[PDB]
Structures are given as structure tokens and as C-alpha cells.
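Enquirer: Experimental coordinates for this protein are included below, preceded by the sequence.
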Amino acid sequence: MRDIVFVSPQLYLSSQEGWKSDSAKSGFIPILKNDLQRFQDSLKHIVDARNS
Amino acid sequence: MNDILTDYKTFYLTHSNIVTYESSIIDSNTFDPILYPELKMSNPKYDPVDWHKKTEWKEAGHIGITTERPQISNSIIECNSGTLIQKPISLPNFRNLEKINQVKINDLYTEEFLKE
Amino acid sequence: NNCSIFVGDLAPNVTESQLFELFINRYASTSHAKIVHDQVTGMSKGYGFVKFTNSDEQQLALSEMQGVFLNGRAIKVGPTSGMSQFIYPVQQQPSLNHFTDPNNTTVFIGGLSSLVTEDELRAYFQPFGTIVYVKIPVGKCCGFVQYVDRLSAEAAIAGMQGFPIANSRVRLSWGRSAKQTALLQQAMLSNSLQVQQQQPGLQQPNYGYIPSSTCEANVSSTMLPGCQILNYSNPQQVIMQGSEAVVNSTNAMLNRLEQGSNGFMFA
Amino acid sequence: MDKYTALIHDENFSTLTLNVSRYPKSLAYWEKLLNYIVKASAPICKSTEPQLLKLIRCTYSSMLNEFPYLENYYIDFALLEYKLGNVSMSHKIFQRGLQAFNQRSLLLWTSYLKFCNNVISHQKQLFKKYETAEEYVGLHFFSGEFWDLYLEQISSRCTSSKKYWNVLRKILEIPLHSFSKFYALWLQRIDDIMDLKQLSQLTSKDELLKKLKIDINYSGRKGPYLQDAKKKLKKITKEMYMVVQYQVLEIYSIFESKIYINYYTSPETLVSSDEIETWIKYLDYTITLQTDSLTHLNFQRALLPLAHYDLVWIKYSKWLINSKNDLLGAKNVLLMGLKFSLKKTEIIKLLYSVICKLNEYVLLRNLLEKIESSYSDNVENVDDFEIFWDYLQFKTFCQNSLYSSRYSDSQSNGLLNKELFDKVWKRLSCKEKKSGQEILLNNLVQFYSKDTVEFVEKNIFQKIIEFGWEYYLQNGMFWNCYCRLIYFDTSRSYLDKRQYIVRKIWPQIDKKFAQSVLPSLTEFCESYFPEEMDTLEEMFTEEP
Amino acid sequence: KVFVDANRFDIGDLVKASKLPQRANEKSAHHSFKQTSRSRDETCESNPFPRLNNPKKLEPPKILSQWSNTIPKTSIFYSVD
Amino acid sequence: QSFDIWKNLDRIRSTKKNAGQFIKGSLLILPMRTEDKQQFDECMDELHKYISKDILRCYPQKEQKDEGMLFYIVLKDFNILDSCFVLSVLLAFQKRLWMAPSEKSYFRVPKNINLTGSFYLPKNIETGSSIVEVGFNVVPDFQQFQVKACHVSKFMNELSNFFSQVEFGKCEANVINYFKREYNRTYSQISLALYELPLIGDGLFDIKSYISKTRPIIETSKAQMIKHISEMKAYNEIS
């Protein structure tokens, strides 16, 4: 699928590999491709509390 | 007893190994010092290992008051219909059908405290 | 009895006050009256229910209001309630003793050796649930253990039965409180009524409380359902369940082991 | 442009998608986003864009993988795939839906069998599927619709008129909620008899000859003979009706008239204290009956509303341990309890003992690796001490499992390992942010040797004296644990350790800091040092 | 989405097709009650706590009226009202 | 009897009444875990020298955790003796690493060890004791079977009495890869659930609306609890 990206915060806030994908994997949330920076800028405080 | 079992679960996991643990496991009373202090927390009596006439079938739905509920002896609620179609099922055997209204109460509060 | 009558085909300018004035205070006493209006428009649909205490007064009101002038039209106050196989089951009552009360959460303990204290008897019945008092009668070799939950009383009776306290087997049953026992002794000395009273409820629903949960000890609570929100204090008030509860309970049990190894408490 | 391109460039869709992907466990956001996607396709058919249908399928798959306990949405997406033409994908959605509750959800079996009444095109396969539903979910209390549907399918498909009698005879012994409809069908089917030879459809002829003293081949005037047959069978049915009526009336009037919610709302919902208590009471009643399919059914029914409250998970795990001696079943219960419960302390603490009883310790190490990697090797700075301490006990057990002993008298090294002591010292250095400080101080003094007590007193306690931190010098329980470490030595005499504790510990502590130490040190001095009471009193008196 | 029988996927178009469009004015002016049509777009945000919004107590298991005289007349627990 | 594997193998070959015939359509899967690989490789090479390639096959993992490996041992079209031999060797080896690191014999089982394990079988079984079935299995297709706390001869006799009563048949061809994908999916779900454990507070529950959704409700519940305590105090008061 074009203009889509599959992502889940359960693998991104835990800082693991394979947290994003373009293909239909079971368990991922489909968001838009141009709004992935808006997804990364939204969870900044949780990553900052995880690192500190 | 809860404090002793919790302190033993604290101490035994920090001062023992699997070589001592696997030799201590016996099958006569299923005794395992990792899991047995957890199950013994709720009840003080605990056995490690004729059901309709015990003191648990009678006061199941309500505690304190005992009753002999009617049941069916040859109950077919567990057998599937793929096995019950193989042969015709016999007549239902009945028991405790003369106590559908009779209930008894072990009244200790009136007999031992009010009437002395 | 609470006999119900269904008035129908009423006018639009007839509120619940006019129906209550026409139903009650006319050779009867209507307990309740409600006109069924629209769900979102607010206007009355022309129908209303009137529930009275006595059936004879409601029957006389339905016989007298059959065709009466009600706001320019008929009243039609015929009864709504009162050969199918399916009927709802009906039951009598067990006359409200202290056994057949589902809200009765206090356990009568007996068979003691007149040797156990109150703090030790608290220590027998502490982890089964939260507790309010552990007072016992003197010279009567018995006591009273009142919880807050009924499942905690079920767990206490299912665990503590057949447990010998101080080389003496226990007898667990149900019972009333001390004031209700004094009232039963005062009513049984003259033998007039000897009636009991039901224990009050909890004013349910109660979302925050989790049954069979104990806590001995600012609070920034997230109120999440997986954890505990509120709890009853151990004497008594209502406490917000914090996160540092198992830590305080562990420090308390280590202090209890340290003070029980020496002999500062027997419980 | 089509509806898909207008759906991408729309302003509301990006905001709803970011609010879903921002908080994934808010089910109302998922439902608003799903309703907006369905509203974006106001005609739903097969002529729409497949590039949007794949997005609908991915959205439903993500919602059903994030929330697998939603009963209605498996039905919704399965009938959506049935609307979109195919039934193999709909059968796969029904199979994963029934697997999400592990074959014990009445609504999914009912909707799948109402679906399968049209799509199976095979009679024996329908009978095997209905018998599977009978042996798994057929003992449900509110299963009147399932058994009405199954008797309807038998009365419509079968022509021998024998299986209907068998299934209805089975239903006349099962405690159902809507049960009197089946008794009324039984009583009007006894009335619908035509001759004596149909009595062999009920039972065998020897059970009629022995128990009821009635013969099938008795020829003569069969009028009052069949009337006496009807009267005696009605009496037996009335007795069994009294038994089942007492059972259903007891279960309703005690238990089932209190539970008002029987569905999975959300992970954010709240269930009242009445309903949790009555689920625990109803399952305590259910364990006593010792009917295994009904017991597992009612435990799954209690996992339906409130699987996040973790009580029924631990209760059903303990039931599988003690009452059945089926402990891998309890292991799978505690494994699935990690996926739903929010208070993951007690389930993981019990699962540790469940794994340790199974003697599968590589699985235990692989499980503890997930905890120590879930914090990215920062387990010493966790707010919840109950997670770290339950990790630390079994990690100390694993370090005693791998490494050999260092000291004498067959004493293996406990918390003082190179991979364990650093994790303790990283937590003890906070002094106000991490709770459970005195728990380690009471649990690092449980070795009782000559060189190991010296090792413990050299690594931490002498280092606290050297740095002079305010929190441990203020607390008297620290010095109580330090005196308990020396006083319970097994190699020294009494006089030397008594002179040690009196002379070289008590003058070292501060006099102005003794206001919080003296309530903790006075108990220790009254405990073990009776003649040293007035000596300690003259050192901490009111005047210089 | 399932039980409302109008937002159903496979047979909802059959419900929405033949409404019996009531070309008589008396058939539309007879009923004066509410429709209570539950739309598909109702989410979990509406009605968060199902016990505060007043539910109904469930119906008792109905029994046969010809065999109603053998009910246990004494209940186990005291039920009020 | 003894503590040797081969003597119990001779005993179970002797008195099991012509147990040389294998089972038509027979399959068994044993997933096991080892800390290290080098000690496992010598025992597995000895097992492949003893057991043929067509009967038993091995499947490694993808090395995702890098510490705990997961190895599938698939016994296909096996006889009753080779199954007992393979399960005895593997159940001895996956516990000898914790109990006896100094014994150093891959085919001699000591007396201090008890055999306790878990093996999967396909669903199409027909049985018409120490080996028990399970309730509430985690695998959709397969059935988990448990053995606990046995000696060598009891393990041999119980496995032979189990496989003499069960009847297999008609297994799916690439069901091994199906079980691999399902097993990896289930344990990736529980690993993600353990990854959700630090993300409880303020992470992904929408706390900003959840506080305001339950702010009057907990206050009214607390007022009901205070009223309950006051009414209980009025109920227990004699006065």
C-alpha cells in the first residue's frame, strides 16, 4: 500500500527494532507517511523520562 | 504463618540452588518449597492430595447453612451427543428428592450464647 | 399490594400534579403517579400510571373514575396489572434471622479456652480482609469478628474451620452484633417479639473498592482499574491506595518478626 | 479523485489516526476512527476501491489484535467479509475469534453457528461443528438461543426423529436459565406420541421393563396402557424438573441475580465491588460441582468482564494447581494473564514459582531476560519495588544456580555477586527516591558466617560510615540491622562481639541524630543487651 | 453494530429497503412514542459506567405454571423489595 | 530397575508384545531451550548418529533474543522405542545442565534427577498415571502433554503405556512451519506484554481524560464509604 506506514508505540517506546514497517504486519497501527514526524514529536516526554 | 512463609520465600531463593532443590521434591505430598509457601497463604489447613456427602458439597452456594441438594446420579451433562447416540440412555437415577423443602441450620449462636 | 392503574387518552394540558390531585386524596391514598411523556419532545403521550398501596382503594378509584371528566376528555383509569404456562417464580421470606441475611458479615467464634487475647484474635483474622473490631465477651469463651466484606467472611469460615486455637477446637457460625444481642436479650426476657434487624448495605455500586484487600499503612494516584483505588483503613477512615503499600507491608512484617522473636508482642 | 485520495488528504482523518496511535489502549478512539472510516465509505459493496478495503482490514486486524476480548467486533468484521464476497476469510476471522477466548465464548459460537447454518453446504460437518460447540460451550447458563437453534436444526434436517429426543433428554438434565421452554417442548412431545413403539425412542426396552415395569410389545387394549405410560413418564419428568428447578433457582436467587455486566467493556472501565465479589462467590460455587467443562466455561465467563483485575486469573491458576494437579494449564493461564492484567506484580510472582516447579530454568532465565531488557538494564531506578524484588529473588536463585560457592561451610554466595551487588548499590544510593531501603538492609544480613559477615560489613556498612550519608545515619533501623549482623555471628564468642558492639559502634553514631535512632536502638538494647541499658542511657542523657 | 438489526452488514440493506413507507397518514399519526433508533456511530465514550445509568434487573427463570406448586417456598437469603 | 537407558530400552523391547511396528501418520514436536549451543551440539550429533534423519528432524530459531535459544525437535513417523529414547536423552540433557555439570555423560542418567517435561502432539488423537493432558492450552492446533517426577524405568513404562493407547493419523504436511509461526506469534505477544509493563503510568492510557472521567465518581464513592462507616458505627453503638 502507498501513502501508509505501520507503527506501534509498544516497540518504539521500548526502543526495539522493527518498530515501523510499510507492509501489513499483525499488531501495527496504520498511520500516514507524512505524519510520522508528528508521531515521533508527540511521544517526546515518555522517551525523555525513559532515558532519564 | 504468612510472615514465616514470606520470609522463607525471601530466604530460600537467595541461599539455595537447584541441586539442593531437586533432591527435596517428593511425590508423596507434592512438596515444593518455591510454590507451596504461596498456596498456604490463604488457608491454615491444606491437604496436598463420596463427594456428595462431604461438608463442601452441602454448603457450596451459601456458607454456614447446610443442605442436601437433589442431584442426578447418571448425569449425562459431560458426555457429548456423538457418544450418547451410540446407545439408548437409561432412566435417570434420583436421590435427595425428599429434602427439596427441608433445610437444617447448625444454630450455635442461640444455643451456646443466648440460651447458655 | 401496590395496585397499578393505567389512565389513558388524557389531554395535552394535564401534568403529573393534576393527575396526582385527581388520583390521590379522593377516598384513597395514591403512593405514586407518573405520566409517560415523550423521550425527547417533553409532551405527554396521553398515558399515565398510578400505583397505590391498597388494592381495594385502587379498585374503587378505577370504578369511580371510569368515564369521569379529565381535562375535557375521558379518564379511562382501568387497571393494568392484576392461560400461559410461563409464570415468574414467587417466594416467601426466611423471616430475617442472622443466618439467612446476605449482608450479615460478622462471624460468631466460639469454643475458645478463655485464654486468647484481642490482639491475637485480630492476628488470626487479619489477612482474610479488613476488620473493624475484635472485642470478645469475658467469661463466655466466645467472640465476634466483624469484617466489611461478605466474601472475606466466606474465606474466614472456609479456612479457619477446624483450626484449634490454644489446644481447643474452634466453632464458627453466624451471629449479630453486641447491641443487637442486647436487644435480643431484652426482648427475650419478656418474650414479646424477639425481632431482629438486617445489617445495612454498602450503597452500591462501588467502583473503587476491590474485595478481600488489606492495607496497613502525598498520593499521586492514576486510579487505574488494574490497581486498587480506595480502601478501608485499619483501626477508621477511607484511604486512597498508594503505590508504596507492599513496601510498607513488608517493612511492617519484618518489624513484626523482629518484635515477635523477642517477645514484645504475642500476636 | 476517489474516496481513498480524499480520505488521505482529509484533515480529520490524520487527527483521528494520530489520536488512536498516540494512546492505543483507548477504545473510544478506535471506535471513533472505525466509524469515521465506515462513514467515509457510505456505499459498502465490492465495487469500491481495494486500496481502501485493505486499510479497513488492517484497521480491524489492529483493533482485534490490540483488544482480542471484544465479542461483537469479530462478528462485525466477519459479516463484513461475508458482505465483501468471500467466506474463507470470514471463517478464519471466526476461528481466530473463538481462539481469542479459547473456544469458550457463547456469543461467538452462537453467531458462528447462525452463520454456518447457511454456508457449510454439508450436513456431517455441521453436526461435527455443533457437537464441538456442545462439548465446549454447551454447558453455558444463558445458552437458550444456542440449544433452541440446535434443536431447530435437528428438527429441520434429521428425518429419523431420534437425535431430537436424545438432545432434548440431555437438555432436561442441564441447569439452563431458559429451561422451561425445553420442558414444555418435552411435555408437548410426549403428548404428540402416536403409539407404544415410540417409547423405544426414549430409552431401551430393558430399562422400561425393569424401572417402569412396562413392555413395548404388550398387545391388547393399549389406551390406558399408554395413558399410564404418559403418567409415569410425566412423574419422572416432574421429579427431574424439581431437581433442575432447585438447581437453577438456587444459582439465580443466590448468584445470577446480582451480576449485571457479562461483557468486555474496555481496559479503562470500572466494575462495582458487588459484581467482583459475586463472581468470586459464583466461581467458588462452580469449583464444588466438579464438572470440568462447565467450570472452565464459568472461569472464562468471569474472565469476560474483568480480566484486567487479575483476581480470577490467579484464582483459576491456583485452582488448576491444587484441585486438578494440572500445572502447565496454570502456566498457560499465567502466561495469558500477562497480556491483559495491569497489576502485573502478583501474576509474575506466581508464574516464577510455577516455572520453578516445572524444572524448566532456561525458560526462567529467558523470562527474566525480558524484564531486564524491558528497562534497558535500568532495573535499579524503577518506582515499583515489588517488581524489582520479585526479580531479584529469582535472579539471585539463578546466580546461585550458575556460579559455585566461594565461602566455607557449603555456603553459596547470595546477593553479593558481581552482577547482583552493583544492582543493589545502584538502588541504595538514591536514599529518598526508591522505596524498599530497609528491606535490603534486613535481607543483606542473612548469611551468618565469619568471613561473609565481615564481607558485608566491609562493602556497604563501612562505606556508609566512610561517606557519612544523612539518610542511613538518621534512620536507626540501619544501625539495628548492622548490630543484628554482628550479634548473630556463629564463630565469635559473646564477650568479644558484645565489647565490639558497645565500644566501637555506639560512640561512633551522632548524638544529635539519636532522636530517630533511640526508638529503634532501645528495642534492640532491651532485646539482647540487658545490662548495657544504663550504659547507653548515660551516653544519650539530657545533659553533657 | 450487530444487535441493532439495522446497522447489520449482510441483512441491513433488506431492513433499509422495505420500510413499509406508510402512505396512509393515520398509520404515521397513530403511534406517538419514540423511535429510539440507535445509530452505528455510537462509541464507548457514551455511557462510560453502565451501573450509574440505571439498568434493568434481569428476568427470573420462568417456570411451568402446572408444576408451580413444588417450588421451594423458603428462600436461601433474605431479599428485600 | 537400573539407571541406564539401554537396559530399559532392552526391557521395553522385550515385554511390550511386538512393539516394533510404528504408528501411521505419527508426529511429535518438542520445543526446548538451552543456555549454550556447544554442549548441545555434541549430544545432538550423537543423537543423529543413533537416530536417522528421516525419523527425527531439528529446527533452529532466528536468534532474536541472542541469549535464550529455542530448538524444535520434530519426531515424524517414529516407533515407540525411538520416542522413549529421544525423550529420555533430551529430558536428561536439558536438566543435567542445571543439576550435574561435572558428570559428563550424555547417555547415563543419574539417580538424583527426576524427569519432568512437556511435549506437544497433534489434535487428532484417540486414547480409546504420570502423563496427563492439559486444560486451557495456549496453542490453537496442538495438545500439550505433561510428565512429572519419574525415574528412568517409570518414564519408559509410562511413555510406552501412553503410546500404546493413543491413535494418531492424517497430519498436515507443513504443519511444522505453522506451529513455528504460531509459537513465535504467541511468545512475541507475551514479550510485547512484558514490554508494556513500564508503560502503565502516563504512557498510553489517555490519563488526561481518564482523571476527569473518574474525578466526581471516586469522590462520591468515598462519600458512600464514609457514610457506610458512620452507619456501621451507629449500628454497633449500644448507647
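Expert: Noted; the coordinates are in hand. Residues are numbered from 1 along each chain as shown, chains lettered A, B, ... in the order given.

Enquirer: From here on, just use CA atoms for contacts and neighbour counts.
Expert: Fine.

Enquirer: what's the burial count for residue C:1?
Expert: 9 (other Cα atoms under 10 Å in any protein chain shown).

Enquirer: Does it touch residue C:57 like I think?
Expert: No - with contact defined as Cα atoms under 8 Å, residue C:1 does not count as touching residue C:57 (10.9 Å).

Enquirer: State the distance from whichever residue of chain E sits closest to chain B to residue F:178.
Expert: Closest approach between chain E and chain B, counting by Cα to the nearest Cα: residue E:72, at 5.4 Å. Noted for residue E:72: a distance of 55 Å to residue F:178, by Cα to Cα, to the nearest Å.

Enquirer: Return the residues of the stretch 201-350 of chain D in contact with chain E.
Expert: Contact residues (Cα under 8 Å from any Cα of the partner chain) of the stretch 201-350 of chain D with chain E: D:238, D:242, D:245-246, D:248-250, D:252-254, D:257, D:260, D:269-270.

Enquirer: which among those end up buried?
Expert: Buried positions within these, assessed by neighbour count (16 or more other Cα atoms under 10 Å in any protein chain shown), are D:238, D:242, D:245-246, D:248-250, D:252-254, D:260, D:269-270.

Enquirer: Restricted to helices, list those residues.
Expert: D:238, D:242, D:245, D:246, D:248, D:249, D:250 (DSSP state H).

Enquirer: Residue E:72 and residue F:178 - which one has more neighbours?
Expert: Neighbours per residue (other Cα under 10 Å) separate residue E:72 from residue F:178, with residue E:72 holding more: 21 against 13.

Enquirer: Settle this for me: that one is touching residue B:100, isn't it.
Expert: Yes - using Cα under 8 Å, residue E:72 is in contact with residue B:100, at 6.6 Å.

Enquirer: so what's in contact with these two at the same time?
Expert: residue D:246 (Cα atoms under 8 Å, 6 or more residues apart in numbering or on different chains).

Enquirer: The spatially most central residue of chain B: what's it in contact with?
Expert: For chain B, the residue nearest the mean C-alpha position is residue B:56 (6.6 Å; Cα atoms, centre = their mean). The neighbours of residue B:56, taking Cα under 8 Å, 6+ apart as the test, are residue D:288.

Enquirer: Skip the chain neighbours and tell me the closest residue to the residue of chain E closest to chain B.
Expert: residue B:101 (5.4 Å; Cα to Cα, 6 or more residues apart in numbering or on different chains).

Enquirer: count of residues packed around the one you found?
Expert: Residue B:101: 15 neighbours (other Cα under 10 Å).

Enquirer: Identify the residues contacting it.
Expert: Residue B:101 touches E:72, E:73, E:74, counting by Cα under 8 Å, 6+ apart.

Enquirer: Just put the ones in helices among the buried ones among the residues of the stretch 201-350 of chain D next to chain E in JSON lines and tack on distance to residue F:53.
Expert: Below are those laid out as JSON lines (distance: Cα to Cα, whole Å):
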{"residue": "D:238", "distance to residue F:53": "65"}
{"residue": "D:242", "distance to residue F:53": "64"}
{"residue": "D:245", "distance to residue F:53": "62"}
{"residue": "D:246", "distance to residue F:53": "62"}
{"residue": "D:248", "distance to residue F:53": "59"}
{"residue": "D:249", "distance to residue F:53": "62"}
{"residue": "D:250", "distance to residue F:53": "61"}
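
Enquirer: So which residues on chain B come close to chain E?
Expert: Counting by Cα under 8 Å from any Cα, chain B sits next to chain E at B:62, B:100, B:101.

Enquirer: Break down the stretch 101-250 of chain C into its helices, ranges please.
Expert: C:118-124, C:150-160, C:178-188, C:246-262 (DSSP state H, counting those that start in this stretch).

Enquirer: scratch that, chain B is what I was asking about
Expert: With DSSP H as the criterion, chain B has helices spanning B:2-12, B:18-23, B:36-39, B:81-84, B:108-109.

Enquirer: Which residue is the nearest non-sequential neighbour of residue E:32?
Expert: Going by Cα to Cα, 6+ apart, residue E:32 has residue C:45 as its nearest residue, at 6.5 Å.

Enquirer: in a strand, that's where that neighbour is, yeah?
Expert: Yes - per DSSP: H, G, I helix; E, B strand; the rest coil, residue C:45 lies within a strand segment.

Enquirer: Which single residue of chain F ends up nearest chain D?
Expert: residue F:204 (4.4 Å).

Enquirer: what about that residue, how many residues close to it?
Expert: 19.

Enquirer: Repeat that for residue D:217.
Expert: 9.

Enquirer: so which strand or helix has it?
Expert: Taking DSSP states H and E as the criterion, no element holds residue D:217; it sits outside all helices and strands.

Enquirer: Does stretch E:44-51 reach chain F?
Expert: No - if you take Cα under 8 Å from any Cα as the test, stretch E:44-51 misses chain F, and the best it gets is 8.5 Å.

Enquirer: So which bits of that stretch are buried?
Expert: For stretch E:44-51, using 16+ other Cα under 10 Å, the buried residues are E:44, E:48, E:49, E:51.

Enquirer: And for stretch D:102-111?
Expert: D:102, D:103, D:104, D:105, D:106, D:107, D:108, D:109, D:110, D:111.

Enquirer: if I look at the second one, how far off is residue D:149?
Expert: Applying Cα to Cα, the value for residue D:103 to residue D:149 is 19 Å.

Enquirer: Can you tell me the SS state at the residue nearest to residue F:120 when sequence neighbours are not counted?
Expert: Spatial nearest neighbour of residue F:120, chain neighbours left out: residue F:144 (4.6 Å); criterion: Cα to Cα, 6+ apart. Residue F:144 falls in the strand class when you classify it by three-state DSSP.

Enquirer: contacting residues for residue F:144?
Expert: Per Cα under 8 Å, 6+ apart, neighbours of residue F:144: F:118, F:119, F:120, F:121, F:133, F:134, F:137.

Enquirer: wait, isn't the fifth one in contact with residue F:146?
Expert: Okay, so that is residue F:133. Yes - if you go by Cα under 8 Å, residue F:133 and residue F:146 touch, sitting 6.4 Å apart.

Enquirer: which one of the two has more residues nearby?
Expert: For residue F:133 and residue F:146, the more surrounded residue by other Cα under 10 Å is residue F:146, and the numbers stand at 19 against 14.

Enquirer: Now name the helix or strand holding the closest residue to that one other than its chain neighbours.
Expert: Of all residues not flanking residue F:146 in the chain, residue F:118 sits nearest, at 4.7 Å (Cα to Cα, 6+ apart). According to DSSP H and E, residue F:118 maps onto strand F:115-121.
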